[PDB]
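Novice: Protein chains in written order, with this note's numbering: chain H, 1 to 742; chain F, 1001 to 1074; chain V, 2001 to 2060; chain C, 3001 to 3080; chain S, 4001 to 4074; chain X, 5001 to 5139; chain U, 6001 to 6042; chain Z, 7001 to 7161.
First, the structure itself, so that you have it in front of you.
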Amino acid sequence: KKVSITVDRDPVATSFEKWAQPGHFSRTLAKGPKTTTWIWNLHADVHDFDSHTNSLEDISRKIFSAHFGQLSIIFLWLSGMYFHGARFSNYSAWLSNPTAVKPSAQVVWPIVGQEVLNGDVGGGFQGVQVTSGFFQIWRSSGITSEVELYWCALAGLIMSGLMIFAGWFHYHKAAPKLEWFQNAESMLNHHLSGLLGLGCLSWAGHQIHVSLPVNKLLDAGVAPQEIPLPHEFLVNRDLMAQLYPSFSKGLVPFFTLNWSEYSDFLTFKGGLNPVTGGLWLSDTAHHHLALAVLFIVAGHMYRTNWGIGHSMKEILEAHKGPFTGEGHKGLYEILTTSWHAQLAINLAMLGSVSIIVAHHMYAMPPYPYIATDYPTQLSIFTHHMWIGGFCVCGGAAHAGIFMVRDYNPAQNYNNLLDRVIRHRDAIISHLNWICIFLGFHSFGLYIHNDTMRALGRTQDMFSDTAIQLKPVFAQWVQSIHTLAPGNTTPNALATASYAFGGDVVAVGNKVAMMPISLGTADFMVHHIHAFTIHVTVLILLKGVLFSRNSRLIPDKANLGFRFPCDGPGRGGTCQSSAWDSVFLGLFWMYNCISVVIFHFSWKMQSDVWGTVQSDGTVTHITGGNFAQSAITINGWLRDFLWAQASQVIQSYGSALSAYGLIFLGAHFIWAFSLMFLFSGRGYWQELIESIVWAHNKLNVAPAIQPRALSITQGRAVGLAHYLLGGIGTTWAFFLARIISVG
Amino acid sequence: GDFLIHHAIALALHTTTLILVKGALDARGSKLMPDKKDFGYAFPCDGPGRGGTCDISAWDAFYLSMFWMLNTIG
Amino acid sequence: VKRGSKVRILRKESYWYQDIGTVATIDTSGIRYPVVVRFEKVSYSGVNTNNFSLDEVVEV
Amino acid sequence: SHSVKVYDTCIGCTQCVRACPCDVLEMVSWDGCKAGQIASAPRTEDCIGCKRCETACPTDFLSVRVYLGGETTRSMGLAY
Amino acid sequence: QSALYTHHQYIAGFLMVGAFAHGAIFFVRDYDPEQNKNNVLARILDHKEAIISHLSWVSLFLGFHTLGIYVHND
Amino acid sequence: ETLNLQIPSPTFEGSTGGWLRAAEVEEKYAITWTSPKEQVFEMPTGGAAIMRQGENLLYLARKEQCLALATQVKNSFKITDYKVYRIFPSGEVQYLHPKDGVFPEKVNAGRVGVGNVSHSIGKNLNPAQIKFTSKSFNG
Amino acid sequence: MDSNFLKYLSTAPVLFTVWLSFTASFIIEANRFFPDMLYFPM
Amino acid sequence: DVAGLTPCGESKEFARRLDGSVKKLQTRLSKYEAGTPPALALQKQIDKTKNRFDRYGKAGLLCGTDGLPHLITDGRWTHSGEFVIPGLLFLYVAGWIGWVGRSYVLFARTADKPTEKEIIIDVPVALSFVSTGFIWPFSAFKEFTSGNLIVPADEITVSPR
Ligand code: CLA
Ligand code: CLA
Ligand code: CLA
Ligand code: CLA
Ligand code: CLA
Ligand code: CLA
Ligand SMILES: CC1=CCCC(C)(C)[C@H]1/C=C/C(C)=C/C=C/C(C)=C/C=C/C=C(C)/C=C/C=C(C)/C=C/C1=C(C)CCCC1(C)C
Ligand SMILES: CC1=C(C/C=C(\C)CCC[C@H](C)CCC[C@H](C)CCCC(C)C)C(=O)c2ccccc2C1=O
Ligand code: SF4
Ligand code: SF4
Ligand code: SF4
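If you want it as structure tokens, here you go:
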């Protein structure tokens, strides 16, 4: 039983004394401010626990309680989303007419004329239209009334109170010891089996007993207040066997392994529900049951307290071949002694998962009536692409912090890290060559086309009606996926997604999903995507690989993860730290994700979304102009940015005037950021000197001496206002455009 | 509309004049570099010490006022 | 001057030029800058003390 | 090469000499200050111009001053 | 008419930036404080913080309210 | 005094961070030091190497690389026995550090002061005064 | 009331947030009861 | 009137502004039933719009050709309520804030830790100061003439030049 619970009782005293002493947590800041830099240094380093404390135990305790604090905030946020749906929303009207009423759960007070923002969203209601897709979640859950939304709000508040209590308790009353946190096998067993497996199994149980009967009655056409309450399905097994006759047999088919009895409610249909344009909820129930089974099975792999199981150290040290030296030796010690190494991995994986979520949710719309709510589809795709890109860049930020701080060459001799660092020139030069090759042959095709179309030579362009660059491999994969039902997925009835090919699914005469054809424009913009991803990888990987030392600076690790430069010598070493490659790679992440969301928006409006008129013909939002206009830069400028900015700039005086104002405000913040990015600290300190002189003249100089922001902070402020302005400009443009036209 | 744009032009003029005048009058020396004249007109910086000295030369005030000249003529 | 007295600095490239410090010690050797002066403001380097002469220090 | 000068305000703290990454500076004997020593720059052909010496200096304005000059392979920090 | 106006205003902005740049080069390179004892030039440098701080005030004064009225009307 | 070319190098598996053609055609730097143990250190140019008990010898391209390694050995393994040489392709070996047997941060007799200016930094000459003149700005 | 909690409420960010929220709040109330004051009425 | 402008009460373009603003609200009101909350909300917005236009018409504001009020700020007394009097109110408040902040920085200089008084404000003393600002013109001018507002040029640190 070497896996055991061990706790220090009453470690830290619950006192308000350190609240009154800003900067108490570090030796530098705890002696008080003398320049304004102190104020900024206070906020910059506060959650950098391993910079304040030496012991891994106190660092781990601080992290565990701060994760409870984050959970308390998330539960409060969810509870507020449920309360605003319960109290300030048109949810009940939307349930009756999901295709006519526009979801709205935010109402403004009338103060300075701002009540114009309460637009006519439908259902005898006025408010701000919301695009987070909560209404479709609630209908998929089977809520059907504001009363149940009040009970969800209370459940969120109770969970929020319990998490903030748990964070206080586990830091101040009962704090686990370091040997508790260093149980990677137990943590993985419980998080696969307990968290993910029982999470999926419990949700599958809810889908089967509540979501399936309530949504079958809704899609049959029964009015929401005419539908039995969710517990009458739990008790009256006859009423449940009316909708799903397999329930007449109970749980005997489950235990006797006669599972094909349950095909009423555990299906493998594929495709979309024709009534709602969403995934069949019988499929989601079977999906979550099967995922639950193999998460509970996977959480039995690792050894904890009884001899059965794997040691992760043995698995890692055994995988070594002739190219890679000692192999994965020493990786277990890294990942059980460095929080930054774990955060680097978990942030890169969480960001990748959010990017996958963005693709899979537009293509296989999971919720009822979310596919034809176009503002929601665009909002949640764009939102989860931005969350993914940010989290991937933080994975490289914390890989650099690990390499600078937690990396020890003595414990990493001739293993995989040592070998990567010992051929980092070959890696970075080959990536550099790929990024050059791939910018020339992706963006240079666009420049070739701008030139040919401008010169009157349309026969010389890369286009469908000219020299063709067809995506044959992507087209072939689409062919296979349309042939799969009955062929390589024989028991499936429909395709996984109609994006691959097949029918047009229309709900309320709007297209839910329809085949997304790939042509020359799609070949070009996919290689634009590969180019921007490869360049972002180049900047972040070069920062991680050269974080400790270079040919330029041989002792970069002594300067730290975040330093501005090492002087103007050696020609100039500005922005040489690992932090400055995260700083430069967040610009290229912004560039990459901006092109992805523009490609999605234009392609879906041009070739997927729209209205199905009589005879089955489809009229798309922008009328199929992607094919012949996304092949030039002038096409993107004219037919996408210029044409579709009409709604933001004409929004003044309507309910969308807030988006027009945020469009302009974000243009402002973006431009304002360039003051911090193109400038240097020395100019601003010399300007502050004359301002300080004028204060001395009037005897009003402050005792906290004003300073220009640090070099790093000028870079961080420039980057924050750049991203805020650019993302904000797109946020306003996307939302006003798709609310007006979709 | 002409009143508002005239005040914007006045703001742009006075700010470009600020950057250029500050570059001319701090060219010989300042509090960060009291000996700035020994280094010339165009030098990169004085290094990361004393808090950081990027764009401390008078040339860098020409550089910074060029953006404001472009903005005002815009 | 004398130890403990308040002095106004006259070294034109001092951070504290025309500011007031207080004299900590005065050397008696052949030192070029024998007056040690401490200040309440820190310089841009975060130093709050410096050595001076007698022609660049005046009592107030 | 770069030009490195030491002015007679040096308090002989040796901090510039310890901070120099290229062994440009060293301490010589001098009666001017209390410490009995002053910094010296005998090997400026090796100076890369990092200005770590100036960062280390605690006198009000730097006793050690680096003046970036003509570039060579040594002062450019080129390992190629 | 449009091209001629735009052309000569951009030429004007370049010439004005250059005049201040070469005044900065003058102070760094060609100005001798000892042949200019208590001149108009030396007294300019003698109250350069009064000049720079009052440009700072008038630039901020113009900027806050011109942008405030524009954002007001918006 | 002279570099004994036969001193065994610390065990190392190679890297791309080592010296290039400029070392074999312009100049190379060498560092020797004594280790009481057979212990792992970090190379300035890459990964980890193992210094052998007894005398070690390395070759690097830059003087700063030899001194960054010297700083490391002194700080962690307390090895103050390091001698840094410059080597020209003619075979000439030039002893570099410590230049007179004593570290530069310790005073030594017979060191002559280079670069020392008799006044403070604010007493330099204005550029206009020495324009079209060869006279130096340091007074 | 605890003197350390009051010393926390005297910190610059708390006072700045409270004072500017109170300030914003009586601008809002004054524009609720007396709206559209483009001019001093005279 | 002044500068060829028209009083807003007799401008025809001002009247068309009021009518168009009310028709826009009435067509939104035409889609709701009488006692509903959106109907009461829009009826209260039509009352607010008419009240604003009526008040502007009777105030002596001058409208342009576009039918919007224009402000005369040359100093004439018939129009002092558009800039001169709002400006006097502002300068009284701004000078109050400046006088009170200056009094607190001078107090904080005489403290045990002067820089701790600026990140942890002594709230009773700072409230003693905020109350004093109501007579800032007299206090500040007497401060000026008694030689305590302006410090002489030789106690101010400047660049070497
Ligand atoms: C967590 C997310 C979240 C978000 C973003 C919102 C957002 C909003 N809510 Mg909702 N709400 C939420 C959760 C949320 N709510 C929850 C959980 C509940 C259940 C209790 C509610 C219940 C609720 C009601 C009942 C109402 C709103 C309303 C509003 C709106 C106006 C709020 C306002 O101006 O009051 C401002 C109120 C103040 C008292 C101002 C306080 C400002 C202080 C100074 C902030 C200072 C914080 C402090 C300094 C922190 C440090 C502590 C200190 C010790 C240092 C706005 C759209 C209103 C609305 O929509 O009307 C149509 C409304 O009536 N909310
Ligand atoms: C079955 C066991 C189990 C479960 C469910 C969890 C769940 C969680 N752990 Mg883990 N943990 C476990 C065992 C478990 N742990 C063990 C054995 C160890 C020791 C090795 C750890 C060590 C550990 C650390 C060190 C950390 C976590 C963290 C977390 C949270 C991850 C963030 C997240 O997804 O929360 C959101 C998802 C949720 C589902 C929120 C649920 C909130 C409660 C706590 C879940 C369980 C409720 C209850 C069992 C269900 C009752 C059902 C009933 C109605 C029938 C999550 C609450 C991280 C964290 O955030 O700490 C707070 C963290 O840093 N855990
Ligand atoms: C700053 C972070 C942030 C914010 C504010 C949001 C905000 C939102 N998300 Mg997103 N999300 C994020 C990060 C974020 N997301 C990340 C990092 C992921 C990747 C795991 C996702 C994946 C995700 C999914 C899959 C869904 C949302 C949805 C939503 C919306 C409804 C919120 C809700 O009730 O969830 C409700 C969420 C659900 C009902 C289903 C969630 C199912 C996932 C699989 C749960 C996984 C939990 C598990 C512990 C995570 C393991 C991660 C893995 C790598 C180990 C809202 C727009 C929902 C949406 O688009 O509705 C229209 C939705 O279905 N989010
Ligand atoms: C689970 C996620 C996670 C976690 C726990 C951490 C945790 C940490 N990071 Mg990492 N990081 C992450 C994600 C994460 N990061 C991501 C996604 C990125 C990519 C941007 C980074 C990039 C990054 C860098 C580049 C650095 C860190 C650093 C740090 C450490 C210091 C944090 C601190 O004191 O900041 C205090 C927090 C603040 C000052 C908050 C201000 C930040 C922005 C500007 C405000 C947010 C704007 C807001 C959302 C929108 C405003 C609305 C507007 C309209 C008004 C800490 C260990 C730093 C370090 O030194 O670590 C050793 C460091 O240098 N991180
Ligand atoms: C849109 C872009 C933009 C904007 C607004 C500014 C604005 C300014 N610049 Mg910068 N600058 C920019 C781009 C910009 N610059 C670029 C691209 C460059 C080239 C590198 C420069 C280079 C530059 C130099 C070199 C100098 C300036 C100067 C100035 C000031 C001149 C105007 C003035 O004095 O008062 C105008 C004041 C404002 C516009 C401030 C706006 C008021 C704010 C928005 C109040 C809002 C508070 C609000 C509640 C905050 C919310 C925060 C939220 C988190 C709660 C002003 C701060 C000069 C200066 O500082 O002299 C005094 C100066 O010397 N700028
Ligand atoms: C109450 C304190 C105070 C006082 C009396 C002054 C006085 C002055 N300032 Mg300074 N200033 C202050 C605070 C103060 N400032 C702060 C906090 C900042 C940082 C944002 C600045 C930034 C600043 C700049 C950048 C400039 C001045 C300038 C000026 C001068 C002209 C007036 C002006 O432009 O205002 C402008 C005021 C601002 C731009 C910001 C003021 C922000 C708030 C409103 C003031 C602080 C309130 C404070 C919290 C009081 C709390 C009191 C309480 C504890 C009892 C004058 C010397 C200008 C100058 O030198 O011209 C000769 C100039 O260029 N000031
Ligand atoms: C930086 C620098 C350092 C030192 C050296 C340096 C090069 C010298 C310097 C550069 C300085 C620079 C670049 C300085 C630039 C200076 C500039 C651009 C000065 C502009 C002057 C214009 C004037 C005085 C117009 C007067 C018009 C009038 C009076 C009209 C009157 C009227 C008439 C006749 C007709 C209409 C009615 C009214 C209005 C009554
Ligand atoms: C303007 C500018 C400054 C000066 C900027 C300063 C002093 C910031 C001004 C902040 C004032 C004191 C408060 C105003 C803050 C805003 C009202 C809102 C801030 C929101 C967060 C700070 C909470 C630099 O120091 C700098 C350094 C390096 C490169 C570029 C630059 C640069 O461009
Ligand atoms: S100071 Fe500014 S400019 Fe000089 S090197 Fe460091 S970063 Fe580059
Ligand atoms: S640092 Fe400045 S003071 Fe200390 S020794 Fe080197 S030069 Fe002399
Ligand atoms: S600049 Fe860098 S190298 Fe040249 S002397 Fe000063 S420290 Fe040594």
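In this text, a Cβ means the ideal position worked out from N, Cα and C, and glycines have one as well.
1. Could you tell me which uninterrupted alpha helix (DSSP H) segments, each at least 4 residues in length, are contained entirely in the stretch 3009 to 3079 of chain C, listed from first to last along the chain?
2. Is the beta carbon of H:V210 closer than 9 Å to that of H:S160?
3. Let me make sure I understand the geometry here. Which of Z:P7124, Z:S7159, Z:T7115, Z:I7135 has the alpha-carbon closest to that of H:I39?
4. Going by DSSP in three states, Z:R7076 sits in which element: helix, strand or coil?
5. Check the Cβ of U:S6010 against every Cβ in chain Z and list those closer than 8 Å, keeping chain order.
6. Taking 6 Å as the limit between beta carbons, can you name the residues of its chain near V:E2056, skipping five residues before and five after?
7. Along chain H, in chain order, which residues have C-beta atoms closer than 9 Å to that of F:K1037?
8. Between which two residues does the beta strand (DSSP E) harbouring H:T619 extend?
9. Of all the options H:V404, H:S72, H:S186, H:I137, which has the alpha carbon lying nearest to the alpha carbon of H:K1?
10. Using 10 angstroms around the beta-carbon of H:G718, count the other beta-carbons present and answer buried if the total reaches 16, otherwise exposed.
11. Please report whether the beta-carbon of Z:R7052 lies at a distance below 9 Å from any beta-carbon of chain S.
12. Hey, how far is the Cα of H:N699 from the Cα of V:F2039?
13. Taking the C-alpha atoms as reference points, what is the distance between H:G569 and H:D607?
14. Are there 16 or more other CB atoms within 10 angstroms of the CB of H:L294, so buried, or fewer, so exposed?
15. Say whether the stretch 1064 to 1073 of chain F touches the stretch 4006 to 4016 of chain S, bearing in mind that this needs 3 or more beta-carbon pairs closer than 8 Å, one atom from each stretch.
16. Starting from the beta carbon of V:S2045, find every residue of chain F whose beta carbon is closer than 9 Å, and list them in chain order.
17. Under 9 Å between the Cβ atoms of U:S6025 and Z:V7123?
18. Within 10 angstroms of its Cβ, does H:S576 collect 16 or more other Cβ (buried), or is it exposed?
19. Between the alpha carbons of Z:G7087 and Z:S7080, how many angstroms are there, rounded?
20. Taking F:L1011 as part of the alpha helix (DSSP H), name the residues at either end of that continuous run.
21. Interface residues of chain F around C:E3071 at Cβ under 7 Å?
22. Does the beta carbon of S:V4028 come closer than 9 Å to any beta carbon on chain X?
23. Relative to the C-alpha of H:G660, which candidate in H:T730, H:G197, H:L438, H:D450 has its C-alpha closest?
24. Could you check whether the stretch 580 to 589 of chain H touches the stretch 532 to 541 of chain H, counting it as contact only if at least three pairs of C-beta atoms, one from each stretch, sit closer than 8 Å?
25. Would you list, in sequence order, the uninterrupted alpha helix (DSSP H) runs of no fewer than 4 residues that lie entirely inside the stretch 590 to 674 of chain H?
26. Confirm the yes/no value for this check: CB of H:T632, any heavy atom of ligand 9, distance under 8 Å.
27. For X:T5002, I'd like the list of residues in its chain whose CB is within less than 7 Å of its CB, leaving aside the five on either flank, ordered along the chain.
Specialist: So, from the data block:
1. 3015 to 3019, 3052 to 3056
2. no
3. Z:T7115
4. coil
5. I7120, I7121, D7122, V7123
6. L2010, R2011
7. Going along chain H, no residue has its Cβ under 9 Å from F:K1037, so there is no contact; the nearest lies around 14 Å.
8. Its beta strand (DSSP E) spans residues 618 to 620.
9. H:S186
10. buried
11. no
12. 18 Å
13. 55 Å
14. exposed
15. yes
16. Within 9 Å Cβ-Cβ: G1049, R1050, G1051.
17. For the 9 Å CB-CB criterion, U:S6025 and Z:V7123 do not form a contact.
18. Under this definition H:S576 is a buried residue.
19. Distance between the alpha carbons of Z:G7087 and Z:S7080 is about 9 Å.
20. 1002 to 1025
21. By Cβ distance, chain F contributes nothing, its closest Cβ being about 13 Å from C:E3071, past 7 Å.
22. yes
23. H:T730
24. yes
25. 626 to 629, 646 to 649
26. no
27. So the qualifying residues of the chain are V5093.
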